[PDB]
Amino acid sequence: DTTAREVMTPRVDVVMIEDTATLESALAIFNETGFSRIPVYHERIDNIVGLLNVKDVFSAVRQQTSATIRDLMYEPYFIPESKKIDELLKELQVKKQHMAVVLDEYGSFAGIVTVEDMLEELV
């Protein structure tokens, strides 16, 4: 009966980027941290508007273009803190997505849960 909040990486520890940032800044963030996916926020940290994959950023430099983070980002899968991870694991598998964004009772950013977070429970 484990829930998302029990395995999530909390907001305070999440590497993020603003949708106004450049792709060069995003590449620097990806390189320094090593993560493959970083949430994208608009104005406020609690306003998650997308996720940014390092792949899409590297492939866009294809060729140098007018690509903005808002164009390369994709919609996240938002879930409540009470979501049971046995359901989340199957749901992420159907979507072929690695990361879900956890929201609190106010609909604000609480943290993230990846498949690796859920599998960490099983040793």
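A residue's number is simply how far along the shown sequence it sits, counting from 1.
- According to the entry, the deposited sequence places 1 to 3 unmodelled residues between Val61 and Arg62.
- Comparing 109-117 with 18-26, the stretch with the higher mean C-alpha B-factor in the PDB entry is 18-26.
- 52-60 and 84-92 differ in mean CA B-factor, and the higher of the two is recorded for 52-60.
- In the PDB entry, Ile69 places in the highest third of its chain by CA B-factor.
- Per the PDB record, residue ranking by Cα B-factor puts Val7 in the middle third of the chain.
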